[PDB]
>>> print(open('my_file25.tsv').read())   # TSV, C-alpha atoms
chain	number	residue	atom	x	y	z
I	14	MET	CA	-3.35	-24.20	3.80
I	15	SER	CA	0.24	-25.20	3.00
I	16	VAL	CA	0.97	-21.54	2.26
I	17	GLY	CA	1.52	-20.89	5.96
I	18	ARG	CA	4.15	-23.62	6.19
I	19	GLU	CA	5.98	-22.11	3.20
I	20	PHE	CA	5.81	-18.56	4.55
I	21	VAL	CA	7.38	-19.52	7.88
I	22	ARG	CA	10.39	-20.89	6.03
I	23	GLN	CA	10.57	-17.64	4.06
I	24	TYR	CA	10.15	-15.53	7.20
I	25	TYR	CA	13.08	-17.06	9.10
I	26	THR	CA	15.26	-17.39	6.01
I	27	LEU	CA	14.94	-13.63	5.67
I	28	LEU	CA	15.25	-13.14	9.43
I	29	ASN	CA	18.57	-14.97	9.20
I	30	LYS	CA	19.87	-13.70	5.86
I	31	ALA	CA	18.69	-10.08	5.94
I	32	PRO	CA	16.71	-8.82	8.99
I	33	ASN	CA	16.73	-5.22	7.73
I	34	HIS	CA	14.51	-6.29	4.82
I	35	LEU	CA	12.06	-8.34	6.87
I	36	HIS	CA	9.77	-5.31	7.12
I	37	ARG	CA	8.80	-5.77	3.47
I	38	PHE	CA	6.51	-8.63	4.48
I	39	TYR	CA	4.26	-6.03	6.07
I	40	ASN	CA	1.98	-3.24	4.87
I	41	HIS	CA	0.68	0.08	6.24
I	42	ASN	CA	-1.87	-1.56	8.55
I	43	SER	CA	0.10	-4.45	10.05
I	44	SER	CA	0.16	-5.07	13.81
I	45	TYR	CA	3.43	-6.12	15.46
I	46	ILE	CA	4.30	-7.47	18.91
I	47	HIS	CA	7.72	-8.85	19.86
I	48	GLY	CA	8.86	-9.97	23.31
I	49	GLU	CA	6.56	-7.84	25.46
I	50	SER	CA	7.04	-4.39	23.95
I	51	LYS	CA	4.23	-2.02	22.98
I	52	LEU	CA	2.06	-2.75	19.94
I	53	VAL	CA	3.40	-1.41	16.64
I	54	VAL	CA	1.41	-0.64	13.47
I	55	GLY	CA	2.55	0.05	9.90
I	56	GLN	CA	5.31	-0.92	7.48
I	57	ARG	CA	7.32	1.86	9.09
I	58	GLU	CA	7.88	1.62	12.87
I	59	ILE	CA	7.88	-2.18	12.46
I	60	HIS	CA	11.00	-1.57	10.39
I	61	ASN	CA	12.26	0.49	13.33
I	62	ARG	CA	11.34	-2.12	15.94
I	63	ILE	CA	13.17	-4.90	14.10
I	64	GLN	CA	16.03	-2.44	13.63
I	65	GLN	CA	16.47	-1.83	17.36
I	66	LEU	CA	15.97	-5.54	18.04
I	67	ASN	CA	19.19	-6.01	16.06
I	68	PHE	CA	19.07	-9.51	14.60
I	69	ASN	CA	22.54	-10.78	13.72
I	70	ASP	CA	23.10	-14.34	12.47
I	71	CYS	CA	19.72	-15.39	13.83
I	72	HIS	CA	19.18	-19.15	13.61
I	73	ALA	CA	15.73	-20.68	14.05
I	74	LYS	CA	14.80	-24.28	14.82
I	75	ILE	CA	11.11	-24.66	13.98
I	76	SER	CA	9.31	-27.28	16.06
I	77	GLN	CA	5.62	-26.97	15.13
I	78	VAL	CA	3.59	-25.23	12.41
I	79	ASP	CA	-0.20	-25.10	12.08
I	80	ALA	CA	-2.11	-23.11	9.47
I	81	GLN	CA	-5.84	-22.41	9.14
I	82	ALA	CA	-8.07	-20.36	6.86
I	83	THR	CA	-9.43	-17.29	8.66
I	84	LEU	CA	-11.49	-14.12	8.18
I	85	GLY	CA	-11.23	-12.20	4.91
I	86	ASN	CA	-9.82	-15.28	3.17
I	87	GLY	CA	-6.66	-14.97	5.24
I	88	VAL	CA	-4.45	-17.60	6.85
I	89	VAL	CA	-3.77	-17.89	10.58
I	90	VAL	CA	-0.47	-19.57	11.43
I	91	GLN	CA	0.93	-20.69	14.77
I	92	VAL	CA	4.68	-21.27	14.90
I	93	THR	CA	6.50	-23.01	17.74
I	94	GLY	CA	10.26	-23.52	17.92
I	95	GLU	CA	13.56	-22.12	19.16
I	96	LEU	CA	15.41	-18.93	18.28
I	97	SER	CA	19.05	-17.87	18.65
I	98	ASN	CA	20.51	-14.38	18.26
I	99	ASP	CA	24.26	-13.69	18.12
I	100	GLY	CA	24.99	-17.30	19.07
I	101	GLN	CA	23.10	-17.05	22.36
I	102	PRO	CA	21.33	-20.26	23.57
I	103	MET	CA	18.13	-21.33	21.80
I	104	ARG	CA	15.07	-19.89	23.55
I	105	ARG	CA	11.68	-21.54	23.08
I	106	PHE	CA	9.36	-19.11	21.31
I	107	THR	CA	5.82	-18.87	20.01
I	108	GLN	CA	4.64	-16.80	17.06
I	109	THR	CA	1.15	-16.17	15.70
I	110	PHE	CA	0.75	-15.00	12.11
I	111	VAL	CA	-2.23	-13.63	10.23
I	112	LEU	CA	-1.53	-13.55	6.51
I	113	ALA	CA	-3.75	-11.23	4.47
I	114	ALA	CA	-4.40	-12.57	0.97
I	115	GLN	CA	-3.74	-9.29	-0.84
I	116	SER	CA	-5.14	-10.66	-4.11
I	117	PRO	CA	-3.76	-13.65	-6.03
I	118	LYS	CA	-1.06	-15.58	-4.17
I	119	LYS	CA	0.44	-12.36	-2.88
I	120	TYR	CA	0.21	-12.21	0.91
I	121	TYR	CA	1.02	-9.59	3.53
I	122	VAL	CA	1.61	-10.17	7.24
I	123	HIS	CA	-1.42	-8.53	8.82
I	124	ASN	CA	-0.59	-9.73	12.33
I	125	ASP	CA	2.71	-10.67	13.98
I	126	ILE	CA	2.86	-11.69	17.64
I	127	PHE	CA	6.23	-13.01	18.79
I	128	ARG	CA	6.63	-14.19	22.38
I	129	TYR	CA	9.43	-15.96	24.23
I	130	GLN	CA	8.47	-18.71	26.67
X	14	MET	CA	-8.41	-5.08	22.31
X	15	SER	CA	-8.97	-6.03	25.96
X	16	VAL	CA	-11.85	-8.21	24.76
X	17	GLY	CA	-9.35	-10.98	24.04
X	18	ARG	CA	-8.05	-11.05	27.62
X	19	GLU	CA	-11.64	-11.34	28.85
X	20	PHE	CA	-12.42	-14.25	26.51
X	21	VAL	CA	-9.38	-16.27	27.59
X	22	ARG	CA	-10.72	-16.13	31.14
X	23	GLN	CA	-14.17	-17.19	29.91
X	24	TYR	CA	-12.80	-20.00	27.74
X	25	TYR	CA	-10.78	-21.64	30.51
X	26	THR	CA	-13.39	-21.05	33.19
X	27	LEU	CA	-15.86	-22.92	31.01
X	28	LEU	CA	-13.23	-25.53	30.15
X	29	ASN	CA	-12.97	-26.19	33.88
X	30	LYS	CA	-16.64	-25.96	34.86
X	31	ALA	CA	-18.44	-27.38	31.82
X	32	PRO	CA	-16.22	-28.71	28.99
X	33	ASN	CA	-19.19	-30.29	27.18
X	34	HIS	CA	-20.63	-26.79	26.71
X	35	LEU	CA	-17.43	-25.26	25.34
X	36	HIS	CA	-18.64	-25.84	21.78
X	37	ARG	CA	-21.12	-22.96	22.15
X	38	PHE	CA	-18.16	-20.62	21.61
X	39	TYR	CA	-17.89	-21.80	18.01
X	40	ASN	CA	-20.25	-21.89	15.03
X	41	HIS	CA	-20.90	-23.59	11.69
X	42	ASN	CA	-17.69	-22.26	10.13
X	43	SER	CA	-15.14	-22.51	12.95
X	44	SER	CA	-11.77	-24.24	12.60
X	45	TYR	CA	-10.39	-26.35	15.44
X	46	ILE	CA	-7.00	-27.98	16.04
X	47	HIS	CA	-6.02	-29.59	19.35
X	48	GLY	CA	-2.85	-31.56	20.05
X	49	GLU	CA	-1.78	-32.77	16.62
X	50	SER	CA	-5.01	-34.19	15.23
X	51	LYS	CA	-6.66	-33.34	11.91
X	52	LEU	CA	-8.30	-29.97	11.26
X	53	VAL	CA	-11.85	-29.96	12.62
X	54	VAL	CA	-14.49	-27.66	11.12
X	55	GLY	CA	-17.99	-26.97	12.45
X	56	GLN	CA	-19.62	-26.57	15.86
X	57	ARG	CA	-21.01	-30.11	15.75
X	58	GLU	CA	-17.61	-31.57	14.85
X	59	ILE	CA	-15.83	-29.46	17.47
X	60	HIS	CA	-18.35	-30.74	20.03
X	61	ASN	CA	-17.62	-34.47	19.82
X	62	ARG	CA	-13.94	-33.68	19.30
X	63	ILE	CA	-13.82	-32.07	22.74
X	64	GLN	CA	-16.01	-34.93	23.98
X	65	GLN	CA	-13.43	-37.56	23.04
X	66	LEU	CA	-10.66	-35.40	24.52
X	67	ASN	CA	-12.47	-35.84	27.84
X	68	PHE	CA	-11.67	-32.79	29.95
X	69	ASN	CA	-12.19	-33.64	33.62
X	70	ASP	CA	-11.34	-31.04	36.27
X	71	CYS	CA	-9.11	-29.11	33.88
X	72	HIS	CA	-6.95	-26.43	35.51
X	73	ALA	CA	-5.18	-23.70	33.54
X	74	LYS	CA	-2.37	-21.34	34.51
X	75	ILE	CA	-2.06	-18.54	31.95
X	76	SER	CA	1.39	-16.97	31.55
X	77	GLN	CA	1.01	-14.49	28.69
X	78	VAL	CA	-1.88	-13.06	26.67
X	79	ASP	CA	-1.65	-10.78	23.64
X	80	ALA	CA	-4.51	-9.55	21.47
X	81	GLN	CA	-4.59	-7.68	18.16
X	82	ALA	CA	-7.29	-6.38	15.85
X	83	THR	CA	-7.29	-8.45	12.66
X	84	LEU	CA	-9.08	-9.05	9.34
X	85	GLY	CA	-12.84	-8.55	9.15
X	86	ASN	CA	-12.92	-6.60	12.41
X	87	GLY	CA	-11.77	-9.66	14.33
X	88	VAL	CA	-9.37	-10.19	17.21
X	89	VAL	CA	-6.31	-12.43	17.02
X	90	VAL	CA	-5.25	-13.75	20.43
X	91	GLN	CA	-2.20	-15.74	21.50
X	92	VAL	CA	-2.34	-17.56	24.83
X	93	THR	CA	0.68	-19.06	26.58
X	94	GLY	CA	0.41	-21.05	29.80
X	95	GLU	CA	0.13	-24.45	31.46
X	96	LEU	CA	-2.74	-26.95	31.33
X	97	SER	CA	-3.65	-29.87	33.59
X	98	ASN	CA	-6.26	-32.54	32.85
X	99	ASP	CA	-7.36	-35.07	35.50
X	100	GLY	CA	-4.70	-34.01	37.99
X	101	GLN	CA	-1.81	-34.73	35.64
X	102	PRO	CA	1.37	-32.57	35.70
X	103	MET	CA	1.13	-29.08	34.19
X	104	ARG	CA	2.16	-29.19	30.53
X	105	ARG	CA	3.22	-25.97	28.82
X	106	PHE	CA	0.77	-25.07	26.07
X	107	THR	CA	0.27	-22.44	23.38
X	108	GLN	CA	-3.02	-21.36	21.82
X	109	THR	CA	-3.99	-19.06	18.96
X	110	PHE	CA	-7.49	-17.60	18.85
X	111	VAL	CA	-9.28	-15.66	16.14
X	112	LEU	CA	-12.46	-14.10	17.48
X	113	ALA	CA	-15.10	-13.02	14.97
X	114	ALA	CA	-17.44	-10.19	15.94
X	115	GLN	CA	-20.99	-11.30	15.12
X	116	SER	CA	-22.38	-7.76	15.22
X	117	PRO	CA	-22.29	-6.17	18.68
X	118	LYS	CA	-20.02	-7.24	21.52
X	119	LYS	CA	-20.99	-10.80	20.64
X	120	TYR	CA	-18.05	-12.91	19.50
X	121	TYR	CA	-17.58	-16.33	17.93
X	122	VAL	CA	-14.36	-18.33	17.95
X	123	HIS	CA	-13.49	-18.50	14.26
X	124	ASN	CA	-10.12	-20.14	14.90
X	125	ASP	CA	-8.73	-22.35	17.66
X	126	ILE	CA	-5.23	-23.82	17.48
X	127	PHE	CA	-4.12	-25.63	20.64
X	128	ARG	CA	-0.63	-27.11	20.86
X	129	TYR	CA	1.53	-28.58	23.62
X	130	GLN	CA	5.28	-27.96	23.74
>>> encode(input="my_file25.tsv", output="structure tokens")
Amino acid sequence: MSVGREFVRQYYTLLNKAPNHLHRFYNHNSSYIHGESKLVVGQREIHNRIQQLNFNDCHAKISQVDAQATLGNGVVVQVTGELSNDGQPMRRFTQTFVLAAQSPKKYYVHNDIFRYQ
Amino acid sequence: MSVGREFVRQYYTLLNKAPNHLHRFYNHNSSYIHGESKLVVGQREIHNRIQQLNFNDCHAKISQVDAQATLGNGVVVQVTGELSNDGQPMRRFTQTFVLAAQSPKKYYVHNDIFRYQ
């Protein structure tokens, strides 16, 4: 759906504006992978991973977005683009999202896999 | 789970050996996106979609694989690597898979998003 395309904009807006509040997109059973670190589950710990990742003025140039309906009436999103942290050069990245439709139009990030290329 | 890593090997082995049989990984409710075309749904539609893509001696060099348990006891997989069709230069690609457990260790590809960089 178009929901995925809207969420990505929200995700990186919040990644840029306030990284320490990005964890509120997740719930107690959310899986998280960033870079190549170990898998992380829960609203906590994910908050701690992002914390030690230390995002500061993180700009994102989104190149490609594709969203599909998936299991449990969820939405699977693939995001391709470039990321910059602390003014460092833009690295090509790839992110896979699984959005869990926690009732009406209230979603939670069930899966987050971020990977630099 | 490690199941994802196994499937990626199977998917690209079969993409190399018998592309016209790759559709047997999907079913009546599978979603397929390759390149930048429209969303394709259904094993029969995925079949002739691959058919017109014409994979001939397709080599794949996988860089990174990450799998996570997802909604409805599924597995979300992100594959990063390089693809080559008909001896053309290796293009960087990115793929998102959602594997749906039929009942035992028998999986169907519920989601397939392929995208070049």
>>> calpha_fit_rmsd(input="my_file25.tsv", fixed="chain I", moving="chain X")
0.2 Å
>>> atom_distance(input="my_file25.tsv", atom1="atom CA of residue X:88", atom2="atom CA of residue I:93")
20.4 Å
>>> interface_residues(input="my_file25.tsv", of="chain I", to="chain X", cutoff="9 Å", atoms="only C-alpha atoms", output="number ranges by chain")
I: 43-46, 49, 52, 76-77, 79-87, 89-91, 93-94, 107-111, 113, 123-126, 128, 130
>>> residues_around(input="my_file25.tsv", residues="residue X:26", least_positions_apart="5", cutoff="10 Å", atoms="only C-alpha atoms", output="list in words")
residues 20, 21, 31, 32, 35, 71, 72 and 73 of chain X
>>> residues_around(input="my_file25.tsv", residues="residue I:34", least_positions_apart="3", cutoff="10 Å", atoms="all atoms listed in the file", output="list in words")
residues 27, 28, 30, 31, 37, 38, 60, 63 and 64 of chain I
>>> residues_around(input="my_file25.tsv", residues="residue I:56", least_positions_apart="5", cutoff="6 Å", atoms="only C-alpha atoms", output="PyMOL selection string")
chain I and resi 39-41
>>> atom_distance(input="my_file25.tsv", atom1="atom CA of residue I:68", atom2="atom CA of residue I:96")
10.8 Å
>>> atom_distance(input="my_file25.tsv", atom1="atom CA of residue I:119", atom2="atom CA of residue I:17")
12.3 Å
>>> residues_around(input="my_file25.tsv", residues="residue I:69", least_positions_apart="2", cutoff="7 Å", atoms="only C-alpha atoms", output="number ranges by chain")
I: 67, 71, 98-99
